[PDB]
Amino acid sequence: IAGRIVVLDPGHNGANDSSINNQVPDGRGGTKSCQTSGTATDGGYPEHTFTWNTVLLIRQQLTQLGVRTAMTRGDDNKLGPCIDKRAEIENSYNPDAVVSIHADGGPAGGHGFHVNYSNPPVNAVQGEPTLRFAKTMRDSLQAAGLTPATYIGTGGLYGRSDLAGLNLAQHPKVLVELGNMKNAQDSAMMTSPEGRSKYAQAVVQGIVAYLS
Ligand SMILES: [Zn+2]
């Protein structure tokens, strides 16, 4: 585990302007908006702040394990990089694994996590190396006591073709939606410092399980 390289992507920007509406190539024949604002709990806790703070905790734990780390943004209050640029930044580190951290907006009674991965793969690394990462991450999150999403995906897994950040990956990568910000139980855990710590520990267990 020590000496491996992991890049962490806290989804969305600390702040936005109309540049986020400019269209960028999506890695699968189309274009998508440079960025989207992301969601928030009904208490006003923004997705971008949740992902930022959870990624900081993931990074700290990985560094303590001797894992070399990088992030795709440096703050939670200014414009951050577009989704295609984030994939470029990730790829530039030749990482052994990449984890993007998001939280979702779904029906209020729906809760739990889902691990998004590229399907169908557009290159070889997005095949077995990435599917194994996705299944391993799902297994580790559920073993940590997290609930697979009750409202989307299949048993905590979601293969999809619409996400530029997944389509553009040259290294094993997953995008973990940790929960539904619009749900009472997930919002409480996302808004809790110790909830964010538990999310981060579980993601780290998935990274460790995959790299081993
Ligand atoms: Zn998001």
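We count residues from 1, following the sequence as given. Only this structure's heavy atoms are used, side chains among them; waters, hydrogens and symmetry mates stay out. Counting starts at 1 for both ligands and their atoms, in listed order.
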Item to complete: Show all protein N/O/S atoms under 2.8 Å from the Zn ion (ligand 1), or state that there are none.
Response: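 Under 2.8 Å from the Zn ion (ligand 1) - ignoring waters, which are not counted - the protein N, O or S atoms are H12 NE2, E47 OE2, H102 ND1.
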Worksheet item: Looking at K85, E90, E88, which one forms a side chain to side chain contact (heavy atoms under 4.5 Å, CB included) with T72?
Response: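 Considering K85, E90, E88, a side chain to side chain contact (heavy atoms under 4.5 Å, CB included) with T72 is found only for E90.
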Worksheet item: Which of parallel (below 30°), tilted (30 to 60°) and perpendicular (above 60°) describes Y210 and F133?
Response: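 If you compare the ring of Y210 with that of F133, the planes turn out parallel.
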Worksheet item: What's the spacing between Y93 OH and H171 NE2 if we round to 0.5 Å?
Response: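 Rounded to the nearest 0.5 Å, the OH-NE2 separation comes out at 13.0 Å.
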Item to complete: Find the distance between OG (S100) and CG (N116) and round it off to the nearest 0.5 Å.
Response: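 Rounded to the nearest 0.5 Å, the OG-CG separation comes out at 9.0 Å.
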Item to complete: Would you mind reporting whether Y199 and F113 have side-chain heavy atoms less than 4.5 Å apart?
Response: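 Not in contact.
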Discussion item. Closer than 4.0 angstrom, basic N to acidic O: yes or no for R28 and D26?
Written reply: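 The answer is no: the pair does not qualify as a salt bridge.
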